[PDB]
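All of this is worked out from the model, or read from it or from the source named; these are not laboratory values. Cβ placement follows ideal geometry from the backbone for every residue including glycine, while neighbour counts extend to all protein chains displayed.
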Amino acid sequence: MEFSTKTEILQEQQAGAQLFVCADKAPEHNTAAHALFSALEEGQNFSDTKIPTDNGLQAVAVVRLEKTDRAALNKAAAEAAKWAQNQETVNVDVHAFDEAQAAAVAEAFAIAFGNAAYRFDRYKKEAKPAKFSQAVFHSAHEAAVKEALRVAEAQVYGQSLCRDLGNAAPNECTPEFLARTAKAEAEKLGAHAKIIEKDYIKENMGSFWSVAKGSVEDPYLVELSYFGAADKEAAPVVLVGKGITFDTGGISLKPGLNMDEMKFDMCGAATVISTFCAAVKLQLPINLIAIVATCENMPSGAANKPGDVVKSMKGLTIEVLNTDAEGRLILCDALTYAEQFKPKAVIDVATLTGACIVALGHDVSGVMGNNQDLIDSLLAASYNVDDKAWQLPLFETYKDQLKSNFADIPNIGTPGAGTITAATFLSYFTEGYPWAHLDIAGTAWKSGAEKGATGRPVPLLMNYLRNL
Amino acid sequence: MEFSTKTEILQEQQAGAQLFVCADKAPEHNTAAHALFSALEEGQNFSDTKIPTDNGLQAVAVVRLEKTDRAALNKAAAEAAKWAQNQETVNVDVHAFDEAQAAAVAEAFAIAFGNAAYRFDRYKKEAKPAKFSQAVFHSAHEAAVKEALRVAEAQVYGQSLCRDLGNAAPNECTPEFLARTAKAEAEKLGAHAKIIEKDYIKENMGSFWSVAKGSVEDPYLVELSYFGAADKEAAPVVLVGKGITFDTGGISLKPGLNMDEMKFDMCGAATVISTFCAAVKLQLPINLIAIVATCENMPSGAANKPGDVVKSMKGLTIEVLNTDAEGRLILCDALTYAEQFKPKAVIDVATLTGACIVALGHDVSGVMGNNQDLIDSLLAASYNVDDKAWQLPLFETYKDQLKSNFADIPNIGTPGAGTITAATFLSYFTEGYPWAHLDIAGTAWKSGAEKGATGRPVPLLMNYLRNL
Amino acid sequence: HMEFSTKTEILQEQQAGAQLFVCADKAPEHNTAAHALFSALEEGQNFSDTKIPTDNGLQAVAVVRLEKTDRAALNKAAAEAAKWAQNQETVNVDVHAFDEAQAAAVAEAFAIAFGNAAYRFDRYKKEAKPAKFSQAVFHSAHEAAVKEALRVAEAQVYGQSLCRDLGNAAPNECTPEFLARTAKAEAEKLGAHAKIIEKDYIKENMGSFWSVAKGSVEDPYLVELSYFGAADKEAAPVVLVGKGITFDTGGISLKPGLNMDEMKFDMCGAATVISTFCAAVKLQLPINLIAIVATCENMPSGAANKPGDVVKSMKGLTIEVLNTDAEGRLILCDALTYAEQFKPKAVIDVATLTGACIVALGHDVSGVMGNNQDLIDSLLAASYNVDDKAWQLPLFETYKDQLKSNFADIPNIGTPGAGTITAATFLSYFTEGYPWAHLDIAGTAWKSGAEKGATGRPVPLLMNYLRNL
Ligand SMILES: [Cl-]
Ligand SMILES: [Cl-]
Ligand SMILES: [Cl-]
Ligand SMILES: [Mn+2]
Ligand SMILES: [Mn+2]
Ligand SMILES: [Mn+2]
């Protein structure tokens, strides 16, 4: 999908589909678009028609934006995008807005257009791609809109990579596949990447290793590096991603129902890799490190056993009471790995707990951390793009739920506050830098007829980076 | 348990048990208390001994307060209180602190002392009461300590009544028992009370009525009134409490395991009734209304059936998809009943959802509402007394989980965010006043060897009232 | 609430209102917008619509491409067109591209789809949101055949809407009394006759029926609807028997709480029988028809049926109630015994009987079982005529071996396996005296999820069976 700009008014004789983003006034010099706007009902904000011409049927649609908030903007853009994905060329008129609103409308509509045109036909006999190829935004504020489309192209690029990695089948998207894809994507954009292999992991990352030993797939730790700040030695932001490419639960085996959706248990890793690549594509003036720990959690004659005590990279011993709580066990070592970079901030992203869905649902990500300024930054970005998030507290009393008579800490706590307890476990490894944790177990994918990866929270994370 | 004050230093020759609350310096004029303080280990903050005297064995104890926060203070006071309940007379020395600190230390220790002396021997053959009867606080700041003990006596008064109502067996604490008890306690303190009966409820509170019809116990709505403001016509604060005196689930029946603890499903009512009485006992200069809807949720040939559509007091029709989500159904009518008082603020307290324990645990109450100033006020009181609470969001997108093809709203939503969804249902009935909701399903009681009501969040609510 | 009419001329482009052209392989000739839509249809696309700006507002124009001629393909195209038609106040349908027989078939299927699409159940809602659709006009050179097709369509839509109204209603409104009195009024509004048997006769003579009802505060009822439209008003009637459990909790054998609201659809068998009866009377079919509905509530109480109880059915067999959630059998068997006093030509009972039928055949195919293969073949034929799918399951004698009791003549449930067939086998002990078939509609009577509601099936199947008598 390609986005361009024009300064002229969208002419009625222009070829292709015509979309008029209106506020309260109907479009003046388009007969069909005027009739559409005049006929809008009480709650209707989108309407379309197909006009017979000498060059075929021409698609004309209008959008009514009464409110100005980003949430209402995203909602209008999504409804129009389901129509735009079937139009090869869409000319969008946003002349009814000042410079600031026109750029915002262009960003949201371009994002909605690109994301709706996404298809994952990789394994299908016949590909059924969308017809949408080009969108042209008509505005008198060319400079602001061009920059808006640049952000939109970067976010859609990131969300698409994230969705491709989450949607892939676990027998294709193995840990090696994930590591090899992250290295190639970063290097295609001019960033740097190194792949740490199993020898180092078994020797220095014992918690990480104990989860991976039970599968025939080798583990990998991926390090993506980008130094785009003026001071190339300034303290970097580090993104840490959970890459369990499939989670059966191990010996603590999961029920068989809906277990296919555990292929999304690397969406945290995908989020981190995609946001990193999106940042490099934007040429953001930041120093950024992406760390991904990836492996498979399988049952076998050599897998982690409940009650096993393993030595983390940091040195704390962890009693693995439940082998299905294994993302904690690869994250804590990756987070210990992160502190060698002396980071300005560490954000980890993980489909960590099903309890987060019980707490906050499928549309709001969970945020926890030890640095309130960092948490407020992430919530600020959440509000900027309407990629919703909410903070859960890391009170010290939750550490009371994590006691073991055998190891330094257990990998699960006493019942209650499941999302916070897992964050508390991780906090024992993040005391040395400002840290926040994004629990995306509910927002990283959807189910039912539209089952697939969502690409969230790439919008939040990328907006956070742009505002550093 | 009576608390008094003296101005003199605690002399070593005083009869009874001797407790020295110290900061960093050992007590000077007590040999035994000096030895205890000097021998305190790294994490030790309490130490006690029994000194042989001519009048028997004398109990001597010390407390070390390194930190000044209320959480650290409450924690030391609780440790000292387990020792104080076995001493008929405890002389507390708090001379090591200035006026502000001495009042805080006396308040927390008197609260800890009184709560530890609480017993529920009502149904037992022989009562085994605590030996604790009197505590005397030695300080040169008699005025501040006298006021602190006045606050402490009110909070212990409220928490004990709250625990007495929550601990009572459901066959004693019937809805009538709860209503008549609230009426008697309010009137004993000079407040007012009227009991609305089943005829009015069946006619005007159809949602409330549909929950109660399935039991042989009549429902009641209790209205407690206190006008302590200078202007007796100024807008009151209204407290609304869920008084399901026992919850079986109805036709949507609950599992048999641990169902006895469903006798605590009226702790919201107990919290409201007790906090109301405590405020009157404090003679707070506020206008306060307490509303309690109480009934039983039983299965019968006349019970609520899943799929029933009932007309609330507000007028909205509710589809009862699950008859175990019935606390919502008495609260919404009680919240509608509240708006005739043109309230300044409405706070409802309920053991509403088991999801809140998944979200926040057993030690943190959930707060949701439509008015951020009211929520911030409650969070402020939460911090003042270390009765922990945390806000969960009422985004408009949670209303998307509450759709029904048959009624205006369903009583449960699509899976996820169970606690927020229940508040969202409730939010449809509170749009006319500043409103907040306390989900105390995790904090109102504990299990195991110490199974019983906790009396929370009476400390939070009472502090909110003192700071009005 | 919807009206269907006919015109003989072609639908002219200047006609006011929405315009729908049901085409075969050729584009519509004298409509520019309709020609453009048809020309742009893609490989699998069979419906397309647009809004043309005119001086009197936006005009809705749509086309349908019917390549195949079978009723299944026809219903599918009509349903897709109906989602568009419900937002059009007036729809003029041109069906000139078809001969007499196909034109009648197209009109019947499209009128049925239109009426069903316009259905709403806003009874309990603050603001009613009805559909704009009111009238459809079918333009054809085959007036007699199209007129008769619309007459059948009006009867089927009338029945399904009544059936859906009864199924969608909340259990605290659609009580057994509500169902019984509603059935009486509908039959009498059409000139048929109705009698309501009350709890005295049921407790005395229908002990199996009564044991299910005693556990609720709602009284039971048995409704008898009578219509004698045959030349000989004393000729042997067709009897429709319907299970009317207005809500089923399971009783002492209590159901899980998840999705139990959908147990308000456990009277859809009764709703099918009541609606099919009324549709037949509305059509003035030349038949003698009896509708029997037994209705009550299955609730848990201190007086409810207990597992292990042995009750004496109306026939006289003793039944061991091993599981109180298998209670629909227990009201049906007494209704079936009641039916044999009419010396029927055929008895068809309709019930949402077993969840096992959904396991066997799914949510889109009803199960058929019976003791008379000609009666079963007739119901399957009607099933195929209207594409209301059904399939036969066998009533082999070896299934009776799964129904043994050391205490009563028969237990109400069998050994594990073949749950739907086992239940029909239980019922078969009470229907040996007349040609009998059984429709298990536990999967087809309603939908779930976002579109949760009653479907009105198998009213299309049953009504066609009556028309083909
Ligand atoms: Cl985990
Ligand atoms: Cl509840
Ligand atoms: Cl049954
Ligand atoms: Mn796991
Ligand atoms: Mn409940
Ligand atoms: Mn049943």
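Summary of computed values
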{"quantity": "Positions within the stretch C:377-392 being crowded, with 19+ Cβ neighbours inside 10 Å and either in a loop (DSSP other than H, G, I, E, B) or outside the structural domain of C:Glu320 (by CATH) (or both), in sequence order", "calculated": "C:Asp388"}
{"quantity": "A:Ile347 being in the same structural domain as A:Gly250 (by CATH) and over 30 Å from B:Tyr398 (Cβ atoms)", "calculated": "no"}
{"quantity": "Single condition A:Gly432 does not satisfy, out of (1) farther than 21 Å from B:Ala359 by Cα; (2) out of contact with any helix residue (DSSP H, G or I) (no Cβ under 8 Å at 6 or more places or on another chain)", "calculated": "(2)"}
{"quantity": "Check on A:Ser447, away from every other protein chain (no Cβ under 12 Å) and of a type in the set (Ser, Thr, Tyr)", "calculated": "no"}
{"quantity": "Residues of the stretch C:150-187 classified as more than 14 Å from every other protein chain (Cβ to nearest Cβ) and either of a type in the set (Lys, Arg) or out of contact with any strand residue (DSSP E or B) (no Cβ under 6 Å at 6 or more places or on another chain) (or both), total", "calculated": "19"}
{"quantity": "Residue in the stretch A:411-444 that is nearest to A:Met368 (Cα to Cα), counting only those that are assigned to a helix (DSSP H, G or I) and within 10 Å of chain B (Cβ to nearest Cβ)", "calculated": "A:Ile420"}
{"quantity": "Options C:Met260, C:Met267: the member that is within 14 Å of ligand 6 (Cβ to nearest atom), free of Cβ contacts under 8 Å to residues at least 12 places away in the same chain and either closer than 25 Å to B:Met298 by Cα or in the same structural domain as C:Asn468 (by CATH) (or both)", "calculated": "C:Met260"}
{"quantity": "Failed item, numbered, when B:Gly301 is tested on (1) under 27 Å from B:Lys194 (Cβ atoms); (2) facing chain C (nearest Cβ under 10 Å); (3) not β-branched (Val, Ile, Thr)", "calculated": "(1)"}
{"quantity": "Matching residues, the stretch B:352-367, being in contact with a helix residue (DSSP H, G or I) (Cβ under 6 Å, 6 or more places away or on another chain) and under 26 Å from B:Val309 (Cβ atoms)", "calculated": "B:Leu352, B:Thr353, B:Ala355"}
{"quantity": "In the stretch B:361-373, residue nearest to ligand 5 (Cβ to nearest atom) [restricted to those that are more than 11 Å from B:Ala436 (Cα to Cα) and part of a loop (DSSP other than H, G, I, E, B)]", "calculated": "B:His362"}
{"quantity": "Residue that is within 16 Å of ligand 4 (Cβ to nearest atom) and of a type in the set (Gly, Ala, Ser), where the choices are A:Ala334, A:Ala359", "calculated": "A:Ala334"}
{"quantity": "From the options C:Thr352, C:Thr337, residue that is under 30 Å from B:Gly249 (Cβ atoms) and surrounded by 19 or more Cβ atoms within 10 Å (Cβ to Cβ)", "calculated": "C:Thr352"}
{"quantity": "One residue from B:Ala302, B:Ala278 being over 30 Å from C:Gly453 (Cβ atoms), of a type in the set (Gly, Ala, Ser) and more than 13 Å from ligand 5 (Cβ to nearest atom)", "calculated": "B:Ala278"}
{"quantity": "Top-ranked residue in the stretch B:237-267 [being among the basic types (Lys, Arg) and not in a helix (DSSP H, G or I); ranked as nearest to ligand 2 (Cβ to nearest atom)]", "calculated": "B:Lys242"}
{"quantity": "Single match in B:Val358, B:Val349 (criterion: within 16 Å of ligand 1 (Cβ to nearest atom) and either in a helix (DSSP H, G or I) or away from chain A (no Cβ under 14 Å) (or both))", "calculated": "B:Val358"}
{"quantity": "Subset tally (residues that are surrounded by 13 or more Cβ atoms within 10 Å (Cβ to Cβ) and part of a loop (DSSP other than H, G, I, E, B)) for the stretch C:40-55", "calculated": "3"}
{"quantity": "Residue list for the stretch A:174-200, filter: free of Cβ contacts under 8 Å to residues at least 40 places away in the same chain and farther than 30 Å from A:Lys451 by Cβ", "calculated": "A:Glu187, A:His192, A:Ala193, A:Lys194, A:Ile195, A:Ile196, A:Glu197, A:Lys198, A:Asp199, A:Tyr200"}
{"quantity": "Failed criterion for A:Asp408 (all others in (1) touching a residue at least 24 places away in the same chain (Cβ under 8 Å); (2) surrounded by fewer than 24 Cβ atoms within 10 Å (Cβ to Cβ); (3) within 14 Å of another protein chain (Cβ to nearest Cβ) hold)", "calculated": "(3)"}
{"quantity": "Selection from the stretch C:428-453 of residues that are surrounded by fewer than 24 Cβ atoms within 10 Å (Cβ to Cβ) and of a type in the set (A, V, I, L, M, F, W, C)", "calculated": "C:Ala450"}
{"quantity": "Single residue of the stretch A:411-424 satisfying the filter (farther than 15 Å from B:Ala355 by Cβ and within 16 Å of ligand 4 (Cβ to nearest atom)) that is surrounded by the fewest Cβ atoms within 10 Å (Cβ to Cβ)", "calculated": "A:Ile412"}
{"quantity": "Which numbered condition B:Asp400 fails, given (1) surrounded by 22 or more Cβ atoms within 10 Å (Cβ to Cβ); (2) within 14 Å of chain A (Cβ to nearest Cβ)", "calculated": "(1)"}
{"quantity": "Filter result (loosely packed, with under 15 Cβ neighbours inside 10 Å and either of a type in the set (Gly, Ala, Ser) or in a helix (DSSP H, G or I) (or both)) within the stretch C:25-39", "calculated": "C:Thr32, C:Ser39"}
{"quantity": "Subset of the stretch C:215-236 that is outside any loop (DSSP other than H, G, I, E, B) and more than 13 Å from C:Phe277 (Cβ to Cβ) - its residue that is nearest to ligand 1 (Cβ to nearest atom)", "calculated": "C:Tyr221"}
{"quantity": "Residues of the stretch A:374-397 satisfying the condition of being within 11 Å of another protein chain (Cβ to nearest Cβ) and among the charged types (D, E, K, R)", "calculated": "A:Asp386, A:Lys388, A:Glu396"}
{"quantity": "Any hit, the stretch A:327-346, residues being part of a strand (DSSP E or B), within 13 Å of another protein chain (Cβ to nearest Cβ) and among the β-branched types (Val, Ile, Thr)", "calculated": "no"}
{"quantity": "Residue list for the stretch B:231-258, restricted to those being surrounded by 14 or more Cβ atoms within 10 Å (Cβ to Cβ), away from ligand 5 (no atom under 11 Å from the Cβ) and away from chain C (no Cβ under 14 Å)", "calculated": "B:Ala235, B:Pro236, B:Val237, B:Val238, B:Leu239, B:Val240, B:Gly241, B:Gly243, B:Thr245"}
